[PDB]
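>
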Amino acid sequence: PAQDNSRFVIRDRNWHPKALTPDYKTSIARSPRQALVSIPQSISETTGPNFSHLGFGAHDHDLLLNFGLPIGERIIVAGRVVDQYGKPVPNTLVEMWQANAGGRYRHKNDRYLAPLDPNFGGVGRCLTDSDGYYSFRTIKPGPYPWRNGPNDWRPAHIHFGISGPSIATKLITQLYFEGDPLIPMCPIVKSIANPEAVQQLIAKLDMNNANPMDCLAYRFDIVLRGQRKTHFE
Amino acid sequence: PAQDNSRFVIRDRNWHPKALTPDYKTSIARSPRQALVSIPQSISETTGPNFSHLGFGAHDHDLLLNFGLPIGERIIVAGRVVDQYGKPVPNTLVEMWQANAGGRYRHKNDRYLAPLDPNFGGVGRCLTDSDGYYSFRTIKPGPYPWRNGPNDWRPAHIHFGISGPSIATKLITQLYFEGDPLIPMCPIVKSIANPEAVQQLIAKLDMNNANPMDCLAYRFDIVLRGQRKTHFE
Amino acid sequence: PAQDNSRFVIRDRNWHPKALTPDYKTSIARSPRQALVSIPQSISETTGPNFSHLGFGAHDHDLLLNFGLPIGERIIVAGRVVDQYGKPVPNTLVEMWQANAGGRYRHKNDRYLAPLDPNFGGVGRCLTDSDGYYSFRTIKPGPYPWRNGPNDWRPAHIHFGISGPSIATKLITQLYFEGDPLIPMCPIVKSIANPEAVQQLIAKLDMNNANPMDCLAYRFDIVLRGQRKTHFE
Amino acid sequence: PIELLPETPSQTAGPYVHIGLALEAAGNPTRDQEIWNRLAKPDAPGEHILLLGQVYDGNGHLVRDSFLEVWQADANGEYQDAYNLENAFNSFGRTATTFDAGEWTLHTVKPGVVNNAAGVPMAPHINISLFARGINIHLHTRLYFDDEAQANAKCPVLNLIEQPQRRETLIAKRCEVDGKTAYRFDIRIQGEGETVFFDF
Amino acid sequence: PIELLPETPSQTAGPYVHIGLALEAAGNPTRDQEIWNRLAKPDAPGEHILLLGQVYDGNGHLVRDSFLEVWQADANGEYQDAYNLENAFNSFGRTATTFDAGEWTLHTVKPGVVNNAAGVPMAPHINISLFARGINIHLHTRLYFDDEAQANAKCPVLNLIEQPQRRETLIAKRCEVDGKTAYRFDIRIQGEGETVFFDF
Amino acid sequence: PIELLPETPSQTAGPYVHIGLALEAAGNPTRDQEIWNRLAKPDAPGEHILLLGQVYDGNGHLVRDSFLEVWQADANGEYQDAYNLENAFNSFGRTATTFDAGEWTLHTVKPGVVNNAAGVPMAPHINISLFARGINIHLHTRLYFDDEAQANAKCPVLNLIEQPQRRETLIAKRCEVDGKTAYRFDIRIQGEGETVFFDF
Amino acid sequence: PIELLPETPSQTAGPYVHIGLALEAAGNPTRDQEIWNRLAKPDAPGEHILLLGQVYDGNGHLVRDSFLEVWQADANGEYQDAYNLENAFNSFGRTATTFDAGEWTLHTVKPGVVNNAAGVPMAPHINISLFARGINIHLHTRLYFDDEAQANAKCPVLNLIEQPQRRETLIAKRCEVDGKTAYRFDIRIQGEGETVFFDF
Ligand SMILES: O=C(O)Cc1cccc(O)c1
Ligand SMILES: O=C(O)Cc1cccc(O)c1
Ligand SMILES: O=C(O)Cc1cccc(O)c1
Ligand SMILES: O=C(O)Cc1cccc(O)c1
Ligand SMILES: [Fe+3]
Ligand SMILES: [Fe+3]
Ligand SMILES: [Fe+3]
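Here it is, written out as structure tokens:
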């Protein structure tokens, strides 16, 4: 079984978005009013599932094939998962979901008028390698309107879920694309107070990783809470 | 009895910390939701106690003797109490309390693992002189952890209580020490919005007032609301 | 036995403090007047003791336990020992000594008026690990007065002795604490002519290595002379 | 405009205020002379009364670490600023809430009427300042008495409170404790029936 | 001071989280292996139970697009980190609320006891993480059982909650669903009876 | 040009160096294993000798707070780096000057001959490092033996010293203590007869 | 840290100091009242003595342009601060060295004993301040008497001088001039037997 041998660097709650961010409407009624209660790390918090033995399919990470070819910008999304100390996070679970090229999601609740793509599902997962690298093949998602303010539009984004070594490190985030003029206008992106934090969410155009006459590529590295050994406890 | 002959400059509530400062957890439930009601100054508010005749003990202000010698950095904490007009506040009551060298308080509720000091109490009182000066002799307190965020530490600080000429001027504050790296991370310090306000709470090393081969000295001046005569009322 | 297989980068004697630094009075009569005679490195100079087999006690590096609990600020002092090439120095001897919370040393010749601490000795030793890491558990020492100028005060400091791979690399120094206002006033600190050099001596507050509700942590990395292979000799 | 020196910023008294201002409660030895909760000696002119209350947070929970300061006129409606333990009556006092029960008590006399700046009489009241951990800057309030309805109706201060329903938060309820005249004054810091707090 | 690399900032999962983490719920075809709400196979040691709940917003309305992740020890108080569908018991699971009823379900066993870092035993509990549109950063909580009063009263964690009334928010109510042992754990994100959420 | 990371700047050992590196001398209890002044056990091969000396300041006053470190080859001219109290001989040792007499002493054997990098033999010598309050960066020197004049005259290291008279400063004078072969090595930090100090 | 206004910087008195502070010596007409070398009138209580000495530079050469200021208690160990030409005794005086001989003289009485701040008695002494061309900031010293060995041994000030040999530089050698009790005190600014100089 799992063992309590690590401590995780305390989260910076001023770095992450706060709970109540009024411009993002839904947050109003979905944020606690009482302060969070801080508790010491224990085995309960310092352990988590290892996905090494999950049976992944051959195209789990390839959205071009896992659902003809989808219509849209062929791109490779790749990067590395590291901790705050800069150490790689091997064999960790990376899950992603997104809309199609027109901004339509393949979900019951999506009623946006842009049509669904018959050859596109929008889900991928990849277990990181020994060096903490992951990669996905997909199409660049389109932006999409949402009922917030009267003319709100989500910048093109891919949703990410990363397990890490513990439930303490588990994270859900969104990737944005370098240069997207919608970025600075998004109430959700704006949930983040530090502009420096925002930059961390922006995937960079990676010509070196592109496949000539085939597809472009974006680089997106993820940083998880720093893991350290207990001392004088 | 006391006479309603004065007016006190209105308090700047954007200068002082606000009631609701979410990062300071306990403030959430202990801050009023309704606006304060402004009321004109009356004799009720412009008068207050005069402690000239309180029977002060000989070492009331000497934390080194008033409880063997305590363990810690022997320092003198001295300054002046003036009003916003720069007028000295003579014969006013200055009370202080603080932890020991390790950050332990001599109070039932203090369960911090740093030991008590057999020769240290941590309470002092001084009546300012004719020129508004006060002084205390103590040891420099140690920082201490507290259940706010998972890894919060108060900077080393001395608690202060100043009476002034009326209940309108009475104030409770905390003195911090010059150069303490914990200052900028404290949620209580950060209850204050203006960094310039923060500077006012920092005691400066005062080599000039030190007793060579004996103890160092810190300078801390306090400014109470300006007192003016009533006019055309 | 040891073998002459290494060369050590020559010391920068303008980086290190000079011999004669008149503000530090005792250096006047304890500094050579003739120039040092430079000599090439031989087996004599490129070798040194290996302390891997010294029998260290279980609390050799825990000043809280190696002498009741001492009174003072509980801290961890940790860091890494590397050479100028940035290579780790594994299994090397790190020794330290300091005063108690009040600036009092447990030594016959220390007559400072601050009391000794019954549970505190002030000596530690630690062998670096495979990655060049060391750690000590202790309490933050206090500054203390000394007979130099009429009102000189050493900033809080911990003395350090580092063996390294040879007698050529053996070094003695002092660690100072981030933000200490005394630092700039110290004649000993000022024996170093380059401000950049002084910065190398300052330990930094390390919240990431602290034990919540227990003790703080300071980080202090040490750089020994670069070690290279001989070539075309 | 003209700008004076800025006032030193307030900070919470914190959880350990008792060590500095309520020694007895901090459970520490006291000094020869302490400022406490007995404003009037038995031989003091006026109606001797007992004041008591609890302090509640926005959750409706007892604030067991509160520290309170009071200022009031004597029975003649005079403010006695010369603090002396010898005095039969002192205008200033201090009290705090039990770490257990969470109730403070005060031993005094019913204050006499005092006029405002404009010469209009204010109903008998006691000025209160509340301090505690979680409180960045202390809260100012006033305690009025329920047996002074006639006076209360005409208080220029009480009349400044826009909503009549809020004025009630300031009225202490007269009772008896061991056959002694007592008034109960509960303070609700936030939420339902939140007590009015003043700025002056 | 020392600063490390900053952690990547969190963002809300949004309303479509299901397509990525709850395929069936999104109403899309699943893959061979999926992480779902059945932590234990019938042949798993321990007392088999059914967990069910509803999620409420600050207006008292059901949160029908919620996504939850659970972490628990096995019946022997052991954490089984090697996730595998072949296992008779998995320490990790996933669940979501019906867009209809707004109720989530989980099939597991009552966890055994585990000690904290200082060697003190913690009451049997389940670690929960909640995600949803409107939630910028996921919320941490614990589910405790009402039939473990004794252990509960001694939990080093439950005891960190200052107000006892607050602790009750983490206690699941033992019931029966089709004459099967169940526990109901409703979560109130905001307001009256708001559930305690942790930071660690 | 190319610059590497700067070496950590040296600082004086200070007056209390003893507490850290000469426990006995600080007059504090010692640990199980200490690095002291006895490099050779009675059963170590070679000629057993006693080394002693005094240290003088620029005023010709005794330096009573000095701390010394020694590095030498065994009788076979070999450097023994694996430090161990069990060893018959250790190449590394420590000593200090009496707060009173201000004389240090070391118990060792006369070192064998070692070759310099060019393969040329060096006269028998002991590598010394001097530390004390008033010394910002430690002083390096060598101890040669007066009874090795032949070897000395050919020393590639001794020969780098321009003035012959300065060379003499490095030669310990053979004596006898309790009919034990002893060599006296006085160090004069400054002025008349100032000892040669090296840079390497 | 707090910084005060900086003290006005010192500058050497220069070669012509005499015209301003030793008129007779400059060889200029004096004024009605001058501050000079006769601290005591014949009728002053205490042992009347003659003080004389020479000043030497680092080359062992006489400094013939020196200016000295003296401060000492009276025979009762009392400081007489109200300077008056009428007083039988004045605690302050001035002298200078002949451009010829290079010797200064003072006419006083043996000072009484005074206590340091700690209440410890200091040996009888005369505080001296020396000025001259080549001296940027004046030098401070103390003159002690050879015939007070007992007292000298216990002086908390003399005892502050680390090396005993250095203490001797402060002792005046008693002699007799014209059968008058005299003490010779020579100052060596620099080099061999350099006089101790203080900072306070
Ligand atoms: O609430 C706390 O424990 C921290 C704290 C806050 C302010 C002053 C103190 O003495 C202590
Ligand atoms: O609430 C919404 O419709 C907009 C939205 C917000 C965040 C992530 C998404 O996928 C979609
Ligand atoms: O000489 C001194 O007394 C002052 C001092 C100087 C350097 C290190 C120390 O421990 C102490
Ligand atoms: O030595 C000098 O002649 C020059 C000098 C120096 C200083 C003051 C003076 O009056 C004259
Ligand atoms: Fe989306
Ligand atoms: Fe405090
Ligand atoms: Fe020191």
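Residue numbers (the entry's author numbering), protein chains in the order written: chain N, 301 to 367, 371 to 536; chain M, 301 to 367, 371 to 536; chain P, 301 to 367, 371 to 536; chain A, 1 to 200; chain B, 1 to 200; chain D, 1 to 200; chain E, 1 to 200.
Every residue, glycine too, gets a C-beta built ideally from N, C-alpha and C.
Can you list, in chain order, the residues of its chain with a C-beta nearer than 6 angstroms to that of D186 (chain D)? Leave out the 5 residues immediately preceding and following it.
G53 and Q54
> Counting only C-beta atoms, is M399 (chain M) closer than 8 angstroms to chain P at any point?
no
> What I want to know is whether the C-beta of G375 (chain N) ends up closer than 7 angstroms to one or more non-hydrogen atoms of ligand 5.
The answer is no for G375 (chain N).
> Using the beta-carbon of each residue, which ones in chain M are nearer than 8 angstroms to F200 (chain B)?
Going along chain M in sequence order, the residues near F200 (chain B) (Cβ under 8 angstroms) are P453.
> For the region 20-85 of chain B, list the beta strand (DSSP E) runs that are entirely contained and at least 3 residues long, ordered along the chain.
Listed in chain order, they are 48-56 and 67-71.
> Identify which residue in A:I49, A:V120 and A:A88 has its Cα closest to the Cα of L158 (chain A).
A:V120
> Strictly closer than 6 angstroms from CB to any heavy atom of ligand 2: give me those residues in the order they appear in the chain.
N:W449, N:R457, N:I491, B:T12, B:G14, B:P15, B:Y16 and B:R133
> Check whether the Cβ of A402 (chain M) sits closer than 7 angstroms to any heavy atom of ligand 6, and report yes or no.
With a threshold of 7 angstroms, the Cβ atom of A402 (chain M) counts as near ligand 6, since some heavy atom of the ligand is closer than that.
> Just to confirm, is the Cβ distance from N127 (chain E) to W71 (chain E) under 8 angstroms?
yes
> Any Cβ of chain B within less than 8 angstroms of the Cβ of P484 (chain M)?
yes
> Spell out the partners DSSP gives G93 (chain A) in its beta bridges.
A:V70.
> Which two residues bound the contiguous beta strand (DSSP E) that contains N127 (chain A)?
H125 to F131
> To the nearest whole angstrom, what separates the beta carbons of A471 (chain P) and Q341 (chain P), a pair I think is in contact under 8 angstroms?
At roughly 7 angstroms, the Cβ-Cβ gap stays under 8 angstroms, so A471 (chain P) and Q341 (chain P) are in contact.
> Identify the continuous alpha helix (DSSP H) that holds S344 (chain N) and give its terminal residues.
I343 to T346
> Closer than 8 angstroms is the cut-off here; do at least three beta carbon pairs connect the region 432-449 of chain P with the region 355-367 of chain P?
A contact exists between the region 432-449 of chain P and the region 355-367 of chain P.
> Tell me whether the beta-carbon of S331 (chain M) lies closer than 8 angstroms to the beta-carbon of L320 (chain M).
yes
> Going by C-alpha distance, which of D:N59, D:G112, D:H48 and D:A73 is nearest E345 (chain P)?
D:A73
> If distances are taken between C-alpha atoms only, which option among M:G445, M:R528 and M:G467 comes closest to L416 (chain M)?
M:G445
> Taking any Cβ of chain B, which residues in the region 498-518 of chain P have a Cβ under 9 angstroms from it, in chain order?
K507, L508, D509, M510, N511 and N512
> Determine the direct distance from the alpha carbon of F200 (chain E) to that of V492 (chain M), and round the result to whole angstroms.
Those two C-alpha atoms are separated by around 41 angstroms.
> Is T326 (chain M) near ligand 1, in the sense that its beta carbon is under 7 angstroms from a heavy atom of that ligand?
yes
> What three-state label does DSSP hand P121 (chain A) in the structure shown?
Looking at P121 (chain A) - three-state DSSP - the assignment turns out to be strand.
> What is the rounded straight-line gap between the Cα of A117 (chain B) and the Cα of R307 (chain N)?
11 angstroms
> Would you say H107 (chain D) faces chain E, with C-beta separation under 8 angstroms as the test?
By this cut-off, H107 (chain D) is not an interface position.
> Can you give me the C-alpha to C-alpha distance between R166 (chain A) and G191 (chain A), rounded to a whole angstrom?
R166 (chain A) and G191 (chain A) have their C-alpha atoms some 12 angstroms from each other.
> So which residues on chain N does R428 (chain P) lean against when the C-beta distance must stay under 9 angstroms?
Those do not exist, as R428 (chain P) stays about 16 angstroms from chain N at its closest Cβ, beyond 9 angstroms.
> Quick check on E481 (chain P) - is its C-beta less than 8 angstroms from some C-beta in chain B?
Yes - at least one Cβ of chain B is within 8 angstroms of the one on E481 (chain P).
> Would you give the residue range spanned by the beta strand (DSSP E) that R166 (chain A) belongs to?
First-last for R166 (chain A): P164 to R167, but that is the alpha helix (DSSP H), not the beta strand (DSSP E).
> Whose CA, out of D:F131, D:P9 and D:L51, lies closest to the CA of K173 (chain D)?
D:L51
> Going by DSSP in three states, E148 (chain A) sits in which element: helix, strand or coil?
Correct three-state label for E148 (chain A): helix.
> Nearest to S352 (chain M) by alpha carbon, out of M:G375, M:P373, M:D312 and M:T431?
Nearest option by C-alpha distance: M:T431.
> Can you tell me whether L478 (chain M) is helix, strand or coil according to DSSP?
If DSSP states are grouped into helix, strand and coil, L478 (chain M) belongs with the strands.
> Please determine whether the Cβ atom of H462 (chain P) lies at a distance below 7 angstroms from any heavy atom of ligand 7.
yes
> Could you tell me which chain P residues have their CB closer than 8 angstroms to the CB of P1 (chain B), listed as they occur along the chain?
Within chain P, the residues near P1 (chain B) are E481, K507, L508, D509 and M510.
> Near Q503 (chain P), which residues of its chain fall below 8 angstroms by C-beta distance, leaving aside the five closest residues on each side in sequence?
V526
> Could you say which of N:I475, N:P418 and N:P421 lies nearest to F131 (chain B) if we only look at CA atoms?
For the residues N:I475, N:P418 and N:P421, the minimum Cα distance to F131 (chain B) belongs to N:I475.
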